[PDB]
Amino acid sequence: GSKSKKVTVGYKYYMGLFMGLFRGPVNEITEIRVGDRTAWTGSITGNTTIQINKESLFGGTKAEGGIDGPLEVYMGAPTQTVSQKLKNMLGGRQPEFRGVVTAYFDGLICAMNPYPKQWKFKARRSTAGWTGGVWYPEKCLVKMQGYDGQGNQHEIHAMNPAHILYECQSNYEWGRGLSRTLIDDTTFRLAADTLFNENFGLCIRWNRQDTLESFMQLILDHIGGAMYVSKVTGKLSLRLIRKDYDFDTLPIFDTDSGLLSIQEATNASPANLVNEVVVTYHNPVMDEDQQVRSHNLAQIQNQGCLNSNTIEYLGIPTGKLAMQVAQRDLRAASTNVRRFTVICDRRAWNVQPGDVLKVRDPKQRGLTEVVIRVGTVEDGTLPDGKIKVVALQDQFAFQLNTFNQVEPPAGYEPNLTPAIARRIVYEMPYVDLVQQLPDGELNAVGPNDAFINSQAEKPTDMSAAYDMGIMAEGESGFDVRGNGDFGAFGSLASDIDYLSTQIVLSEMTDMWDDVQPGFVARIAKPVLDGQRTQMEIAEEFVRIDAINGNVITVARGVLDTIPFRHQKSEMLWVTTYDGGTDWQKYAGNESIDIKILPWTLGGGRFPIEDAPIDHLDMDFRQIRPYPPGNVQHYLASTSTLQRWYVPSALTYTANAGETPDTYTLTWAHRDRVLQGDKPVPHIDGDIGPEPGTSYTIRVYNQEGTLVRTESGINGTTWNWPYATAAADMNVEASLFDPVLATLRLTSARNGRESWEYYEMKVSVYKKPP
C-alpha cells in the first residue's frame with residue numbers, strides 16, 4: 001500500500017465534444033450551466049475563446065465530476081471560419097458551420113466516468129443575424145425587470161414583438177421571407193410605438209418548428225393584434241387592438257346616416273360570462289413556467305360559482321407583463337360582451353377590420369349610442385351595394401389592477417460555498433499514534449518521529465471535511481496532503497481552575513454529543529507569538545466522564561499534560577478518534593506552516609491559498625515520557641496536603657522545639673507505554689514508571705535565576721530542608737525577608753525530558769540573632 005500520490009483514482013475523461021446550439025449570430029451569450037447548476041458566466045459577443053476552470057462545482061480528487069478546459073464558441077458569422085482543431089476532431093471533410101451558433105469544448109474533462117451531465121446555455125439577440133439587414137433597430141431592446149429570486153434580481157432584455165413579426169415576414173432563412181417593400185413599415189412603427197412604451201416584450205422559443213401561421217397566431221395573441229393587408233398598397237401590415245380612440249371623433253351610425261339593419265338584434269342572456277383567468281407565462285431567469293390568478297371580484301360577488309379559464313401566454317418573461325395581459329383578457333372577455341352584425345351601405349367603405357365606430361338605434365331597439373370595435377368585413381360587389389360589418393364591443397389595453405409579484409425567496413437558502421472557520425493545531429501525541437496507528441507498524445516508530453494533528457469547527461452545514469495544507473521547511477507552497485473531519489467543539493465559559501471537574505461551557509456543537517463516556521478531549525487557549533509554545537500555554541488533555549447537557553464532566557491532566565487553569569470564552573476540542581494529519585514522520589525541530597482548508601460539495605475547497613496560517617514548531621515529539629501524577633507536598637507541621645498550585649512556606653523553624661521546616665514534595669510514577677490508550681487522570685495514583693525514567697528538579701530564585709538543577713531522582717518525592725534550600729536560595733543573599741523561590745519539576749528518560757512541567761513555590765525566611 002501507499003498514499004494517494006500513487007493509487008487507483010476515480011477516472012477522468014479526456015475527450016471533448018461539439019454542440020450545435022441554434023441558428024443565427026446572437027448579440028451575446030451570457031451563461032453556461034451543467035446539471036442544473038450555474039457553472040460559468042460571461043458575455044461572449046463574437047467568435048472568441050474562453051476556458052471553464054471551476055471544476056469545484058462538482059468535485060475532483062475528493063468528489064465526482066467537475067467541468068474544466070478551454071471553450072471555442074463560433075457564432076456562425078456570415079464569413080465565419082473555425083480553427084482546424086475542431087475539424088481534425090470531427091475529422092474528414094468538414095464545413096465552417098457559417099450561420100449557426102456552434103460551441104466547441106476542447107476541454108478534456110467532459111465528465112468523470114460516471115456518465116456525463118446535461119448542459120444548458122443562455123443567450124439573447126437584437127440586431128445580429130438579420131438576413132438583408134436589421135429593421136428599425138432603435139426600438140428592439142425591450143429591457144424590463146423579470147427577476148426570479150428577490151435578492152437575486154436582475155433585468156432581462158426582452159425583444160420587441162413588432163420586430164419578431166417583422167423577422168417572421170422579412171427573412172428567407174425560415175418561413176416565407178417576404179420582401180421588405182411588400183411589408184407596411186409604418187404599421188410596424190405604429191406597433192412599436194405602444195409595444196416599447198408599455199414595455200411589452202417577449203422571449204418566445206420555436207423548437208420543433210411548426211406552421212408559420214400558427215406561430216404568428218401565438219405572437220399576435222400575446223400582443224393582442226391583427227395582421228392584415230393594407231387595402232391600398234397590398235403590403236402586409238400589422239394592427240394592435242388597443243384603446244386608441246377618443247370617443248368624440250367617431251362617426252355616429254343610425255338609420256339616417258348609413259345603417260341599413262342590425263342583423264344581430266337578440267340578447268343571449270350574456271350575464272354569466274367568464275369571470276376568472278389563470279395566465280401561464282415563462283420566466284427566462286427561472287427558465288420554467290409561472291402562473292398568475294386574476295379574479296374579477298364584481299362577477300364573483302354576484303354570479304356565484306366561478307366561470308374560470310386557464311389561458312396560455314408562454315414567452316411572456318415577467319409577472320408584471322403577465323398581469324397586464326391577464327387584466328387585458330379578463331376585462332375584455334368579462335365586461336358586457338355584445339356582438340353586433342351590421343348591414344351597411346357605402347358609408348363605411350373605408351372602414352377596415354379593427355376600426356372603431358359608434359352605432360345608435362334609439363327608437364326601435366333602444367340602445368344608447370355605443371362605441372364598437374370593427375371585426376370581419378364583407379365588401380360588396382358592384383351589385384348588391386351593402387357591406388356586412390361584424391363588430392364587437394369595446395376592447396381594452398394594458399393597465400394596473402393587481403400587485404401579483406410573488407417574489408420567491410431567492411431559492412430558499414441555496415448557498416453552500418465554503419468559508420473560514422475556527423481551527424486549532426498541535427503536535428500529535430503518543431495516544432494519537434496508539435489510537436490511529438495499527439499495531440503492526442506501531443513498533444519501529446523511533447524516538448525522532450513526530451506527527452501533526454489539528455481540529456477545526458465546521459462553518460456551514462453543506463461543508464463535508466477539511467483538507468490540510470502544509471508548507472514545511474524547504475517546501476515551496478502549502479502542499480495539500482492529508483485531510484481531517486471536523487471534530488466537536490466547545491467554548492469554555494466558566495474560567496475553570498486547575499482541579500475543576502464540572503466543566504460549565506457553551507456552544508454545544510452538533511457533534512458535541514457524540515462523545516461516549518470516558519472519551520478524551522484537549523483544551524487550549526489563544527495561540528500567537530510567544531503563546532505558540534506548548535510548555536507554558538495551557539494545553540491540557542481532559543477525559544470526559546459524563547455529559548450534563550451544556551455542562552460536561554471530565555478529568556484533568558489525563559495523558560500528556562499536567563492539569564491547568566483556564567478563562568471563559570476559551571476553546572475546548574474533543575479529539576477521540578478524530579483529527580487530521582498527513583501521516584508523515586516529520587523529525588523534531590522541523591517546524592512547518594500549515595493552513596486547513598474546508599471544502600463543500602458544490603463549492604469545492606476554500607480559497608486556494610487565501611486561508612489563514614499557524615506556525616507549528618517541532619520542538620517536541622511523542623517519544624518523551626509521561627510526567628508524574630498526583631503532585632502533592634507538605635511541611636514538617638503542615639505535612640498532609642499541598643498542591644503545586646498551593647505554595648508552602650519554609651520558616652526558620654517548623655514549630656517551637658522543632659528544627660527548620662522542610663518542604664517535602666511527592667509524585668506518582670506513570671508509564672506512558674503501560675498507560676497506553678487509558679487516560680489516567682492526574683488525580684489518579686501511580687501506574688509504574690517507564691523503564692529507566694528519572695525525575696527532574698529545577699530551582700528558580702525570586703530573581704528568576706536557575707539556582708540549581710537535579711536529575712536522576714528515581715524516587716517519588718523530594719525534600720527541601722530549610723538549610724538545604726538556603727544553600728542556593730540564600731536567605732542571607734536575598735535582601736527580602738522571605739525568599740519566594742520558584743520550584744519546577746519534570747521527568748526525563750533517554751536524555752529528553754517531558755513536554756511540560758509543574759511549578760511549586762516556596763518561601764524561605766530569615767531570622768534575627
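Note: ideal-geometry Cβ built from the backbone for every residue, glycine included; neighbour counts use all protein chains shown. Values quoted throughout were computed directly from the atomic coordinates according to the rules given, and no laboratory measurement underlies them.
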| query | Restricting to the range 709-728, what's the tally of residues that are closer than 13 Å to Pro660 by Cβ and in a loop (DSSP other than H, G, I, E, B)? | reply | 0
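Across the range 1-28, which residue is surrounded by the most Cβ atoms within 10 Å (Cβ to Cβ) among those that are of a type in the set (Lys, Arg) and closer than 30 Å to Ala63 by Cβ?
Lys12
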| task | Could you please tell me which pairs satisfy a Cβ distance under 8 Å, a separation of 6+ or placement on different chains, a first residue in the range 49-63 that is closer than 17 Å to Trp119 by Cα and in contact (Cβ under 8 Å) with a residue 12 or more places away in the chain, and a second residue that is buried (at least 20 other Cβ atoms within 10 Å of the Cβ) and of a type in the set (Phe, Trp, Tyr)? | result | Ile52/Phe105
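If you check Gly657 against the conditions, is it small (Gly, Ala, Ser), under 23 Å from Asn719 (Cα atoms) and assigned to a loop (DSSP other than H, G, I, E, B)?
yes
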| said: Being closer than 25 Å to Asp686 by Cα, in a loop (DSSP other than H, G, I, E, B), in contact (Cβ under 8 Å) with a residue 24 or more places away in the chain and not β-branched (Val, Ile, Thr) is the filter here; which residues of the range 527-571 pass it? | reply: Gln534, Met535, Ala538, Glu539, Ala555, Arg556, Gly557, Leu559, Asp560, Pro563, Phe564, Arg565
| query | Quick one: in the range 690-701, which of the residues that are within 18 Å of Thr561 (Cβ to Cβ) and not charged (D, E, K, R) is surrounded by the most Cβ atoms within 10 Å (Cβ to Cβ)? | reply | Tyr695
| request: Give the residues of the range 677-695 that are assigned to a strand (DSSP E or B) and in contact with a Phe, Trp or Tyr (Cβ under 8 Å, 6 or more places away or on another chain), sorted by residue number. | output: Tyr695
| field | Count of residues meeting criterion [β-branched (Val, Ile, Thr), buried (at least 18 other Cβ atoms within 10 Å of the Cβ) and touching a helix residue (DSSP H, G or I) at 6+ places or on another chain (Cβ under 7 Å)] in the range 279-330 | value | 3
| field | Selected residue [surrounded by 15 or more Cβ atoms within 10 Å (Cβ to Cβ) and on the phi < 0 side of the Ramachandran plot] from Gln84, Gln80 | value | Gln80
| field | Considering residues of the range 370-390 that are surrounded by 13 or more Cβ atoms within 10 Å (Cβ to Cβ) and among the β-branched types (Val, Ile, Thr) only, the residue farthest from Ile523 (Cα to Cα) | value | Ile387
| field | Residue, farthest from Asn283 (Cα to Cα), within the range 199-217, restricted to residues that are touching a residue at least 60 places away in the same chain (Cβ under 8 Å) and surrounded by 14 or more Cβ atoms within 10 Å (Cβ to Cβ) | value | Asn199
| remark: Filtering the range 579-611 down to residues that are under 32 Å from the mean Cα position of the chain (by Cα), more than 28 Å from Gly65 (Cα to Cα) and in a loop (DSSP other than H, G, I, E, B) yields none
| message | For the range 130-161, give me each residue that is farther than 30 Å from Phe58 by Cα and touching a strand residue (DSSP E or B) at 6+ places or on another chain (Cβ under 7 Å). | response | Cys140, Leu141, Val142, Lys143, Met144, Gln145, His157, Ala158, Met159, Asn160, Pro161
| remark: Residue count, the range 324-354, condition over 23 Å from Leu400 (Cβ atoms), touching a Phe, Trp or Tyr at 6+ places or on another chain (Cβ under 9 Å) and assigned to a loop (DSSP other than H, G, I, E, B), comes to 5
| task | Taking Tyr652 as meeting all but one of (1) surrounded by 15 or more Cβ atoms within 10 Å (Cβ to Cβ); (2) within 30 Å of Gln516 (Cβ to Cβ); (3) in contact with a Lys or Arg (Cβ under 9 Å, 6 or more places away or on another chain); (4) not β-branched (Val, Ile, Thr), write down the number of the exception. | result | (2)
| field | Identity of the residue in the range 36-79, hydroxyl-bearing (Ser, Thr, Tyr) and in contact with a strand residue (DSSP E or B) (Cβ under 6 Å, 6 or more places away or on another chain), that ends up farthest from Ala123 (Cα to Cα) | value | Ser56
| task | Note down all Cβ pairs under 6 Å where the first residue falls in the range 611-622 and is closer than 13 Å to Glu427 by Cα, the second is surrounded by 21 or more Cβ atoms within 10 Å (Cβ to Cβ) and among the acidic types (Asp, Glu), and they're at least six residues apart or on different chains. | result | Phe620/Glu427
| Do we find that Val680 is farther than 23 Å from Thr742 by Cα, buried (at least 17 other Cβ atoms within 10 Å of the Cβ) and hydrophobic (A, V, I, L, M, F, W, C) in this structure? | yes
| query | Tell me, which residue of the range 111-153 that is in contact (Cβ under 8 Å) with a residue 12 or more places away in the chain and of a type in the set (A, V, I, L, M) is nearest to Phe196 (Cα to Cα)? | reply | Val142
| field | Entirely in the range 391-505, the strands (runs of 3 or more DSSP E) that have 2 or more residues that are surrounded by 14 or more Cβ atoms within 10 Å (Cβ to Cβ), under 21 Å from the mean Cα position of the chain (by Cα) and in contact (Cβ under 8 Å) with a residue 12 or more places away in the chain | value | 463-471
| message | Show me the strands (runs of 3 or more DSSP E) entirely contained within the range 274-321 in which 2 or more residues are more than 26 Å from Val142 (Cβ to Cβ). | response | 308-312
| field | Residue tally, condition assigned to a loop (DSSP other than H, G, I, E, B), of a type outside the set (A, V, I, L, M, F, W, C) and under 28 Å from the mean Cα position of the chain (by Cα), over the range 506-526 | value | 3
| said: Scan the range 133-156 and tell me whether some residue there is farther than 30 Å from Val406 by Cβ, in contact with a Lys or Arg (Cβ under 7 Å, 6 or more places away or on another chain) and small (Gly, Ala, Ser). | reply: no
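Scan the range 62-70 and tell me whether some residue there is of a type outside the set (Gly, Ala, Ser), in contact with a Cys (Cβ under 9 Å, 6 or more places away or on another chain) and farther than 27 Å from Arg605 by Cα.
No, the conditions are met nowhere in the range 62-70.
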| note | Those residues of the range 506-515 which are under 23 Å from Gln436 (Cα atoms) and either in contact with a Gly (Cβ under 8 Å, 6 or more places away or on another chain) or touching a residue at least 60 places away in the same chain (Cβ under 8 Å) (or both) amount to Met511, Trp512, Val515
| task | Starting from residues that are outside any loop (DSSP other than H, G, I, E, B) and closer than 24 Å to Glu658 by Cα, keep the ones in the range 627-642 and report whichever is nearest to the chain's Cα centre (by Cα). | result | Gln632
| So which residues in the range 291-324 are under 41 Å from the mean Cα position of the chain (by Cα) and without any contact (Cβ under 8 Å) to a residue 40 or more places away in the chain, if there are any at all? | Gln291, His295, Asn309, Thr310, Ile311, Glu312
